[PDB]
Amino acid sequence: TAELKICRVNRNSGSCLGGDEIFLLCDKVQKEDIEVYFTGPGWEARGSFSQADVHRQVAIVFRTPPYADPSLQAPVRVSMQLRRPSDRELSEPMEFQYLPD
C-alpha cells in the first residue's frame, strides 16, 4: 500500500512444492529493505531472492516458497505482497494460487 505497489508478475499460480520463478515489477523498493510475503490462514512464507535479484529498484525475481501443504488436492488462494522488514509496510495483496503438483 502507499509506497509498496506490485505492478505485474509473470504468473499468479504455482505448485504447492514452491520453486516457481516469479518476475515482480513494482514501484521503487530498496533491495536492502524488501521482501516478498505469501500469507494465508495459519501460514506465511517469503519468496527467495537476493539483493542482487532486485533489478534497478523496480523489479524482483524470486522463487515461491513451498506451501504449508505439499499434498494439495485442490488450489489454495494466498496473498502475495511486498513487505518492508524495517516497518512491516505491506503492498496491496495479489492473489496467488498454490496448486497440486
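Counting begins at 1, following the sequence as shown.
47-55 and 66-74 differ in mean CA B-factor, and the higher of the two is recorded for 66-74. The stretch 35-43 shows the higher mean C-alpha B-factor when 35-43 is compared against 57-65 in the entry. Placement of the Cα temperature factor of residue 93 within the chain: middle third of the modelled residues, per the deposited record. Sorting the modelled residues of the chain by their CA temperature factor places residue 79 in the middle third.
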